[PDB]
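Novice: First portion of the complex, with coordinates as positioned in the assembly:
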Amino acid sequence: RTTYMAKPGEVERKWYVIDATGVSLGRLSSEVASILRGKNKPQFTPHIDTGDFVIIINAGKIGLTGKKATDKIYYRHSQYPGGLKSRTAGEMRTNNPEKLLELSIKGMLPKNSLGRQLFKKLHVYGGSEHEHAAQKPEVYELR
Amino acid sequence: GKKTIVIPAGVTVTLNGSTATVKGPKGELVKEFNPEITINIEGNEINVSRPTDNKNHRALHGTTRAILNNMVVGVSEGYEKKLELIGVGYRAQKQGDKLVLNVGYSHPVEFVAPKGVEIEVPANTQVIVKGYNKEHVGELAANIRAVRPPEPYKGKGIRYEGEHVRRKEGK
C-alpha cells in the first residue's frame, strides 16, 4: 500500500561537532552510534543511509570509570600460531585516543555492508582542532 | 587535620584552584591538591575544611594539613637525615659534589645531589643529607642506605641512627 520510503540523496545529511571531555566512553558512543544510523528522523528507512556526519574532538579526555584504565584489555590476533597481542585501555587513551573511540563505536553499529558505510562517516581527533571547517559543522549537545 | 599552622616571617602563600605554593628563605615549593577540601585561609592559622564528612573525606582531611605543615616548616628550618658507616674498610671520600662510597665492592659507587637537596660528609664514617623537601630528603637517604643494608651478624653496612638492627649469632 502506502508507506513512505526514503531514497538515496533525498534526505539532507548534516555535520555535527561533539565535545567529548569527561563523558564516559560507552555513554558517548551509544548516542553517537544512533546519530550516524539516522534513528532521530521520522524519515528513517532501515535499508537506506540517512544519518548525519559526526566530528569528535578532545578524544584524549574521555572517561573510564573504576579500574578500567588498567584492567580493561584490548586483544588482537594476527592468525599466526601464538600471535595474540593486548593493550590496556589506559595507555591506549594516552597514545592513540582516536583508535579507542573508533573501536568502541564500531561495535555499536550493524555488522553488515551498510554498517561499514556509516563507519566512514565518523572523524575522531584527539586534540581540540578539526580539519573539516570547510563543511561548516554545528555544535551538538548530548542528551 | 582540623588543627592550625603558623606562617613564619618571610613566608608567603598564594593559591590557585587546587594549586598552592610557598616562598621562603630556603626556597619555594609547589603542589596540587583535590578541590573537595576547600583550604581555609586565615590571618595566620591556615587550615582546611570537610564539606562532606564521609570515609573518603576524613582520610583526606588530615593529609592536607600535615603536608602543608611540612611545606611551611620546610622553608623555615629544613630537613636533615643522618647516616653512619660500620665495618672495617668502609669509608667514604667526597670528590667535590659527587659522593663516593667504598663499601667493600670491587668498584666505587657514585652519588649526585638532586635538584635542591645537598649532601655533606662531615666525618669519613658519617653522612648528612639536607634539603627543603621532606619527601625528597627522605628518598635520597634511602637510596644511599640501600647500597648495603645492615647485615644481621656483625652490623656491617650503612644504617640510620636508631635502627634496632636484629642480631643473630652464626655458627
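Specialist: Good, I have the coordinates. Residues are numbered from 1 along each chain as shown, chains lettered A, B, ... in the order given.

Novice: Sketch out the strands for the chain, chain order is fine.
Specialist: Defaulting to chain A. Counting by DSSP state E, chain A has these strands, from start to end: A:15-19, A:53-57, A:73-77, A:84-88, A:122-124, A:138-139.

Novice: could you do chain B instead?
Specialist: For chain B, the strands defined by DSSP E cover B:12-16, B:19-23, B:28-32, B:79-86, B:91-95, B:98-102, B:109-111, B:117-120, B:126-131, B:157-159.

Novice: most neighbours per residue, which of the strands of chain A?
Specialist: When neighbours are counted by mean count of other C-beta atoms under 10 Å in any protein chain shown, the highest per-stretch mean among the strands of chain A falls to strand A:53-57, a mean of 21. Placement of C-beta: from N, CA and C, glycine included.

Novice: Can you list the strands that that strand pairs with?
Specialist: strand A:15-19 (parallel), strand A:122-124 (parallel) (DSSP bridges).

Novice: Quick one: residues in contact with it.
Specialist: The contact list for strand A:53-57 (C-beta atoms under 8 Å, 6 or more residues apart in numbering or on different chains) reads A:13-20, A:28, A:32, A:35-36, A:101, A:121-125, A:127-130, A:132, A:135, A:137, A:140.

Novice: any idea how far the closest residue to residue A:24 other than its chain neighbours is from residue A:22?
Specialist: Leaving out its chain neighbours, the residue that sits closest to residue A:24 by C-beta to C-beta, 6 or more residues apart in numbering or on different chains is residue A:63, at 4.5 Å. To residue A:22, residue A:63 is 6 Å away according to C-beta to C-beta, to the nearest Å.

Novice: Include this sequence as chain C:
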Amino acid sequence: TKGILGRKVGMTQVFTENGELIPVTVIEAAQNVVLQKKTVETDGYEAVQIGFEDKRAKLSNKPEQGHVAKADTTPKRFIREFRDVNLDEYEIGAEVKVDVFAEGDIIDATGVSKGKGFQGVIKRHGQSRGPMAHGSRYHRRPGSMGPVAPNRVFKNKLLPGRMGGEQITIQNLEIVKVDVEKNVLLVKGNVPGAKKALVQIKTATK
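Specialist: Next up, chain C placed on what we already have:
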C-alpha cells in the same frame, strides 16, 4: 654518519702489518653525487638522495632528465636514500668521495642476495632427510603438516619456493684499505650479491 653506493668487483686477500692474512672485498664507488635533500617541513623526515652511475642519454627518459637537471648533473643509474645523517654537509650537486671513510672504520653492507630458482625444503630451510635405505621411501620431503584437530594447516609451515633475491645486511664489518685515485675501497669479509651488484655502504648503527 656517512654513506656511499658502490659496485661489487670481487674478492681477494691482503697481508697486514702484523703479518696475518685476511680476505677482502673490492668496491668501486665512482661518480656519487648528492641529488636532493628532504627536510621535516617538506617531507617529515631527514634524508639525502645519492646517485651512483651515469648512463647514456638514450636510456634516460624525459621525466628524470629534469630531476637531475636541478643538481646540474648527467642522468644516473642507481638512486637511493640515507637517513639519520647530518644535513649541515651535503650541498646539492656536491661529489661524494671514498675518503669520507678511513682506516679501520666499521660499516654496514646492504645488498640483494644471489638468486636461486625453485628450491626444496632441505636447501631452502635446512631441514633433515629421511633414511636413504632400510626400505624407506621418504628422502627429501617436507614433513607432517600438523595435527588433525584444527582441520587446517597453520601459517609458517615452511615449504618449497623461490629461494634467493632478498635484501640482506651485514653488520660490524671492518674496512682495510681506501684508495682515492682508483675510487676503490677494501672491506674485510663478504657482502651479499653477485659480481657487479650494487652495494650500499653505511656507518655502523651499533
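
Novice: Tell me where the chain has helices.
Specialist: Here I'm looking at chain A. Assigned by DSSP state H, chain A shows helices spanning A:25-35, A:68-71, A:89-95, A:97-106, A:113-119.

Novice: try chain C instead
Specialist: For chain C, applying DSSP H gives helices covering C:62-68, C:121-124.

Novice: Just tell me which of those ends up closest to chain A.
Specialist: helix C:121-124 (18.7 Å; C-beta to the nearest C-beta).

Novice: What lies in contact with the closest one?
Specialist: The set of residues external to helix C:121-124 that reach it, using C-beta under 8 Å, 6+ apart, is C:116, C:127-129, C:140-143, C:158-161, C:163.

Novice: Tabulate the helices of chain A (JSON lines), appending distance to residue C:22 and mean neighbour count.
Specialist: As requested, the helices of chain A are exported to JSON lines (distance: least, C-beta to C-beta, whole Å; neighbours: other C-beta atoms under 10 Å in any protein chain shown):
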{"stretch": "helix A:25-35", "distance to residue C:22": "63", "mean neighbour count": "18"}
{"stretch": "helix A:68-71", "distance to residue C:22": "56", "mean neighbour count": "14"}
{"stretch": "helix A:89-95", "distance to residue C:22": "49", "mean neighbour count": "16"}
{"stretch": "helix A:97-106", "distance to residue C:22": "53", "mean neighbour count": "19"}
{"stretch": "helix A:113-119", "distance to residue C:22": "62", "mean neighbour count": "13"}
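
Novice: Drop chain D onto that structure:
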Amino acid sequence: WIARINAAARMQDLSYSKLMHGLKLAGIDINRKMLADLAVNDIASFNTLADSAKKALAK
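Specialist: One more piece, chain D, placed on the ones above:
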C-alpha cells in the same frame, strides 16, 4: 512505524511510551500506520495530536 513515531515524538519533549499512553487516556484511536503517516508528511497535524496527549497526561 513505531520507530518513526518515536523519532517524531522526541522533538516535542516526549517519548513513544509516554505519548501512546496520553492518546489512550484521551480517547484517540488512531493506529500506528496513520500516526506515522502524519509524522513524515503532515508534521503540522502531528503536533496537534501531541498537544492533546500532553493535556491528558497532566489532567
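
Novice: Re-run the earlier check on the contacts of helix C:121-124 with chain D in the model.
Specialist: Taking C-beta under 8 Å, 6+ apart as the rule, helix C:121-124 contacts C:116, C:127-129, C:140-143, C:158-161, C:163.

Novice: Distance to residue B:3 and neighbour count for the residues you listed - can I get that in TSV?
Specialist: Formatted as TSV, the contacts of helix C:121-124 follow (distance: C-beta to C-beta, whole Å; neighbours: other C-beta atoms under 10 Å in any protein chain shown):
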residue	distance to residue B:3	neighbour count
C:116	84	12
C:127	78	14
C:128	80	8
C:129	86	12
C:140	87	13
C:141	85	13
C:142	80	14
C:143	78	13
C:158	74	12
C:159	78	13
C:160	82	14
C:161	79	12
C:163	81	17
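
Novice: Determine which two of those residues are furthest apart.
Specialist: Maximum pairwise distance among these (C-beta to C-beta): 21.2 Å, between C:116 and C:143.

Novice: Next to chain A, which bits of chain D? Give me the list.
Specialist: D:1, D:3-4, D:7-8, D:10, D:33, D:36-37, D:39-41, D:43 (C-beta under 8 Å from any C-beta of the partner chain).

Novice: Narrow the residues you listed to those in helices?
Specialist: Per DSSP H, the residues of chain D next to chain A map to helices at D:3-4, D:7-8, D:33, D:36-37, D:39-41, D:43.

Novice: Can you tell me which of those are buried?
Specialist: Buried by 16 or more other C-beta atoms under 10 Å in any protein chain shown: D:4, D:7-8, D:36-37, D:39-40, out of those.
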